[PDB]
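**Q** Structure provided below as structure tokens; questions to follow.
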2 protein chains.
Amino acid sequence: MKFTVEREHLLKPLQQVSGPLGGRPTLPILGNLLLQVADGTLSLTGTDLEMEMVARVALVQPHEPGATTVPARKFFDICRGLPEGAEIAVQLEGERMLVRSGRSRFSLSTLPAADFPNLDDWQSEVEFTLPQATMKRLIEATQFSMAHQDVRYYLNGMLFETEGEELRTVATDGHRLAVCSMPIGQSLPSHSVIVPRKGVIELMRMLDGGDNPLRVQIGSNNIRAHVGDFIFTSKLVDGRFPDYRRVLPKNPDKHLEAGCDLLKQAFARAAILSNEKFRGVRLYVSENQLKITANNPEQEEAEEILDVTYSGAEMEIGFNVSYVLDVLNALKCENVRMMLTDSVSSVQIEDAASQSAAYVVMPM
Amino acid sequence: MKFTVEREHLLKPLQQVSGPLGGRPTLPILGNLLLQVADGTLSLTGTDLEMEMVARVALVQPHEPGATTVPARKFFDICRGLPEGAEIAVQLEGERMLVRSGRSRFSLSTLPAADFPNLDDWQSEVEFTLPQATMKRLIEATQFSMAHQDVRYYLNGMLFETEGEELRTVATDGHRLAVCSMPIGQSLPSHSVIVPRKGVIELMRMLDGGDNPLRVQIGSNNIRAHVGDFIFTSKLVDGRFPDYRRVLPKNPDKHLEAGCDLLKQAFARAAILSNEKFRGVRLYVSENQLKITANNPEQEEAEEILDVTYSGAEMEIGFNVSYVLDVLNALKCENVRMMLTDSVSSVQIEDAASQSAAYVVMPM
Ligand SMILES: O=C(Cn1c2c(c3cc(Br)ccc31)CC[C@@H](C(=O)O)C2)N[C@@H](Cc1ccccc1)C(=O)O
Ligand SMILES: [Ca+2]
Ligand SMILES: [Ca+2]
Ligand SMILES: [Ca+2]
Ligand SMILES: [Ca+2]
Ligand SMILES: [Cl-]
């Protein structure tokens, strides 16, 4: 194996395939990247046995086919630490990989490519394409509502659901829920799968924000995303994800509209004097007015009064202010609509201007 | 006690005094700020029993004298979360402190001011003033060479030495040393004190890069710095500091000059394949050339060759790369000079264009 590649053609591929690579490999060789030269292309692979990231780099300079594996972090750091414009010449030399550029030289240890885990081929059952912006919107709208449990917990991940012409994400921890649906202009079979937290992070991380659209393939137990010259594959989480349709409040007839930024600032101040563990605040809704109160075991008290648009019946309701703040911070919009029923029912929150995301928060 | 002040006249003082407090107060009241109204002034004080931070704010609006203490972070967080231009109206009501602005209202718990630890008055023995930029330079030049939690408690601080018309800092951990001297235009008595790590951090933090000069007063067991209407006081470390004049190479015959960034990047690359515990690299110096090599126990090897300015006998010498890189990162200059004697002697490193900072690193 031999190749020479200009540094800035190697750097982004290395960064995308390296990470993670999350500190605790279950086999030593998983701390290495797999390098493969074949048919004019250098392929770079990183994996933790569950997810896999593969980058392909076209080789325009002289090269020789073959494969090896080298420590990912060290190889990345050597390439990154070389100056702008550096040509990076690599050759396999026995049990070492030699890296040369200018008058810099590095001999890295290798482990055989034949020993690197090769994840089984699988068959896609659903495929679609979408703009990167749409995927980014879907994830950012819901990601914060996933449970923070052990890795295999069924709610520690994001439901991805295809239905008609839309892709939908759902995330929940059993107390609050986020759901976002976006049309993608292709009619799709009914299907839903759970992508683990770590998979969700990589789907986001692979979005550069450019011309390149995203191509997604979903199988029985895996999902695959292609963008430009990169392919990411993740295992799915086994589990029965809850039905968001059953958690939306049936008749959230009482509608309050407020400026998102003023509402957020008011909740943020009140939160300071809320119970540090339970984070409870009380909302008092009345005609064109919202009153937010908080108190804590030290008998400290906060009160905020805001003008809002509201003309239904008065009511009082308790919420976890962190959950409410998470929603307002995810919305990043001018006005918010809070859709209320009564003191013992959940609230549904939406950008006043768009129903494409909804958030459900249970009262305390 | 009552006062009303604009948010923008309260925020900086609160940040100055409360910023240093951090989590884990050693006694509950040390989590509180002391507020005192007297003679048309609000004073705000935070302490950990050894250092103390006091800011004075002039009260132009109606006020009433008195004192209380309130949780520092909560009061600061409330003041910061209020909008720009908020009038902040404060009133003591029993064992609670009332804070009101617009339609935001808060009630904080108090602890009596009479119970707030008052640090003893002490007498100034050496006084001088200097620009903030100068103090910043002196600390940044040397801070990284301070020991970290060494049993030789005296090495965990920074020496401040007055000699002639210069203020000097020195820091060393027993393996490397940094010294910086700057003229300040006053005839100073010859004197030196050790400021503890936490005191150095606050000295740096209180700098704002405005026109306000820094006024320093040194006592037998304390130091005070005034900038504008802010006063920081720290205990000194009672111990005997090394004499930097004994550590500087007496006769470093071999001078090597090099681009700082080039040298730094070469060392940084070679460091990747240095022993992870001992971080040894070797330098081979010859006519206008420096070769750097690193190897580790897995038989990985790096080599870097640089064009540098050097005429003199050829020599080899080993260094901890981290110590060399710390210096090169501290210098922030175009060219560096390394002053060498032989393989068993320390090296002195300086900016090639200024002798105001010097660094000594022992060979391996
Ligand atoms: O029983 C339920 C009903 N439930 C449930 C979910 C949920 C989401 C929202 Br926004 C409101 C109510 C929801 C989503 C998780 C559902 C499940 O059992 O898989 C149960 N919730 C538990 C919370 C909980 C259930 C399972 C796991 C964690 C927390 C409770 O409030 O006692
Ligand atoms: Ca495979
Ligand atoms: Ca929706
Ligand atoms: Ca005092
Ligand atoms: Ca000096
Ligand atoms: Cl507000």
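Here the Cβ is made from the backbone with ideal geometry for all residues, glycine too, and neighbour counts use every protein chain on show. Numbers and lists here come from the model and the stated rules, or from a named source; none is laboratory data.
**Q** Between residues in the stretch B:91-120 that are closer than 26 Å to A:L290 by Cα and residues that are within 16 Å of ligand 6 (Cβ to nearest atom) and outside any strand (DSSP E or B), which pairs lie under 7 Å by C-beta distance while being six or more apart or on different chains?
**A** B:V99/B:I78; B:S101/B:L82; B:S101/B:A86; B:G102/B:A86; B:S104/A:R269; B:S104/B:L82; B:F106/A:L273; B:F106/B:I78
**Q** What residue, of B:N288, B:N329, B:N295, B:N320, is crowded, with 21+ Cβ neighbours inside 10 Å, away from ligand 1 (no atom under 16 Å from the Cβ) and of a type in the set (S, T, N, Q)?
**A** Selected residue: B:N320, the only one of B:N288, B:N329, B:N295, B:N320 that is crowded, with 21+ Cβ neighbours inside 10 Å, away from ligand 1 (no atom under 16 Å from the Cβ) and of a type in the set (S, T, N, Q).
**Q** Would it be correct to say that B:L340 is within 18 Å of B:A271 (Cβ to Cβ) and either within 16 Å of ligand 6 (Cβ to nearest atom) or buried (at least 16 other Cβ atoms within 10 Å of the Cβ) (or both)?
**A** no
Here's the yes/no breakdown for (1) more than 16 Å from ligand 2 (Cβ to nearest atom); (2) within 14 Å of chain A (Cβ to nearest Cβ); (3) not in a loop (DSSP other than H, G, I, E, B):
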{"residue": "B:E84", "(1), (2), (3)": "yes, yes, no"}
{"residue": "B:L92", "(1), (2), (3)": "yes, no, yes"}
{"residue": "B:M97", "(1), (2), (3)": "yes, yes, yes"}
{"residue": "B:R100", "(1), (2), (3)": "yes, yes, yes"}
{"residue": "B:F106", "(1), (2), (3)": "yes, yes, yes"}
{"residue": "B:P117", "(1), (2), (3)": "yes, no, no"}
{"residue": "B:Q123", "(1), (2), (3)": "yes, no, no"}
{"residue": "B:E127", "(1), (2), (3)": "yes, no, yes"}
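**Q** Here's a follow-up. Among the residues in the stretch B:309-316, are any touching a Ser or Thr at 6+ places or on another chain (Cβ under 8 Å), aromatic (F, W, Y) and assigned by CATH to the domain that holds B:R337?
**A** Yes, some residue in the stretch B:309-316 is touching a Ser or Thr at 6+ places or on another chain (Cβ under 8 Å), aromatic (F, W, Y) and assigned by CATH to the domain that holds B:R337.
**Q** Here's something else I'd like to know. Please state which one of B:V54, B:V5 is more than 16 Å from ligand 1 (Cβ to nearest atom) and within 20 Å of B:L82 (Cβ to Cβ).
**A** B:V5
**Q** Among the residues of the stretch A:350-364 satisfying the criterion of being of a type in the set (A, V, I, L, M) and under 14 Å from A:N320 (Cα atoms), which is nearest to ligand 6 (Cβ to nearest atom)?
**A** Among those that are of a type in the set (A, V, I, L, M) and under 14 Å from A:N320 (Cα atoms), it is A:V361.
**Q** Taking the condition part of a strand (DSSP E or B), among the hydroxyl-bearing types (S, T, Y) and away from ligand 1 (no atom under 16 Å from the Cβ), does A:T134 pass?
**A** Considered against the rule, which asks whether it is part of a strand (DSSP E or B), among the hydroxyl-bearing types (S, T, Y) and away from ligand 1 (no atom under 16 Å from the Cβ), A:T134 comes out as no.
**Q** Also, I was wondering about something else. With respect to B:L34, is the statement that it is assigned to a strand (DSSP E or B), under 18 Å from B:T110 (Cβ atoms) and within 27 Å of the chain's Cα centre (by Cα) true?
**A** Criteria met by B:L34.
**Q** Which of the residues that make up the stretch A:37-82 are closer than 26 Å to A:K235 by Cβ, more than 14 Å from every other protein chain (Cβ to nearest Cβ) and not in a strand (DSSP E or B)?
**A** A:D48, A:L49, A:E50
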